[PDB]
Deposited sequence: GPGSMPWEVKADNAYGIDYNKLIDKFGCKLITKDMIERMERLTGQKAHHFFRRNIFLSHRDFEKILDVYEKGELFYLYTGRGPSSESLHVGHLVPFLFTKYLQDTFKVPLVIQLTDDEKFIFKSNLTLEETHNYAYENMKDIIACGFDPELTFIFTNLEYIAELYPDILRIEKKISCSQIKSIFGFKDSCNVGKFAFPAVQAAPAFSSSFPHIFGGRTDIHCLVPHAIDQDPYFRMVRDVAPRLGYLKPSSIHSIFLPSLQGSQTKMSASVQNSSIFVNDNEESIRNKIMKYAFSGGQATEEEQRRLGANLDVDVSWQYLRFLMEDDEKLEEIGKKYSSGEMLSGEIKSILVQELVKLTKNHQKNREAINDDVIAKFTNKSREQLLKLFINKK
């Protein structure tokens, strides 16, 4: 909220929420109710465009630093699926095997590439439509992005990078060269095989609020390239070696909440209450629980001291395993042939 000012994003008022629901014909995701996606840039443009019968596209991404996604990383992906189902628009997903090899001394491109492909399985396991979704790694799609990477780079000073991402002269040049790579897919030109070279297809970018810098930068260069400014919709972080992965079994999950999940309850049972703003388990349930009436009542009871830290952690565990089990079976149905449909660069479509 102090970060929303210094970035210069606007809050998503109810009037926007009511408009999307109004235009879509579907109930708003709970990530809106609960201010999980709380922030945007020019999201009102997207609804303007969709109001006019015009199509647009979604862009989101993932950095493969681990073989499996955290559950926290499903927050933007699950939300994007909802947006794809609601607007029925194409989606574009970048796996940044280049970035994480660059920004993490303890990594190689062989590992990042493999982690990328496993990560795709977790991503597809969220139930995206392959007829509407194009997924790709930077190592494999770099040539298609290169022309827009070069155009963005020519318009930004090295000093502007420092100013935006806070790098220093001591940083490796790879760090300076990546932002353009992440910026590039927010322009329709970077996907000739779906949009046909058109430059007039608006892009909407769901992302954790910490990714905002890349898209602040690209919104500044857009006009100088005669391109549309991409719109953004921001989520808050999902708070914290080992945190909860989507391929964790029931025992792993229970083990981690009980030992590593910071409680807001009193040390002993001096609960005739608890602090919900610091309780990690409460904040997790806010993302997961589709039942509103349960949530308020859990929050009330755990606040007032008629629920111990022990019980709130158990409720979360069973929610996490329901989530993680449903994702794990969906993942079993994902083979190289299913991947191929998502990775297939060509889409015989009529946007031209």
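J.: Quick one: where does the model skip the deposited sequence?
T.: Holes in the chain trace, numbered from 1: 1-19, 260-272, 305-307, 388-393.
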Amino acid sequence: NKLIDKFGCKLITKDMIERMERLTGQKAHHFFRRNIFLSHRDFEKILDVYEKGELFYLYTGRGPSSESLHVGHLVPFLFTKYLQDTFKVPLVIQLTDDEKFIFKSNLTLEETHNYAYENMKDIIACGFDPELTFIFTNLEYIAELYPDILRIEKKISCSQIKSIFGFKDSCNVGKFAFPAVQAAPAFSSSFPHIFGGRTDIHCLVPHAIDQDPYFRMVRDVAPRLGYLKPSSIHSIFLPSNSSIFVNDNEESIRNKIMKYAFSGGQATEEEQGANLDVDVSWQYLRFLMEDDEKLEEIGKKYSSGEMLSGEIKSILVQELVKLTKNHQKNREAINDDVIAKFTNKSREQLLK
From here on, numbers count along this sequence of modelled residues.
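J.: Between 27-35 and 280-288, which has the higher average C-alpha B-factor in the PDB entry?
T.: Taking the mean B-factor of the alpha carbons in each, 280-288 is higher.
J.: Between 263-271 and 86-94, point out the one with the higher average CA B-factor as the PDB entry records it.
T.: Higher mean C-alpha B-factor in the PDB entry: 263-271.
J.: Thinking about Cα B factors across the chain, which third does residue 178 belong to?
T.: Answer is highest: the recorded C-alpha B-factor places it there.
J.: Rank-wise, by C-alpha B-factor, drop residue 320 into the lowest, middle or highest third of its chain.
T.: For residue 320, whose C-alpha B-factor we compare with every modelled residue in the chain, the answer is the middle third.
J.: What third of the chain, by the recorded C-alpha B-factor, contains residue 76?
T.: Highest third.
J.: Please rank the C-alpha B-factors of the chain's modelled residues and tell me whether residue 307 sits in the lowest, middle or highest third.
T.: Answer is highest: the recorded C-alpha B-factor places it there.
J.: Select lowest, middle or highest to describe the third in which the CA B-factor of residue 1 falls within its chain in this entry.
T.: Lowest third.
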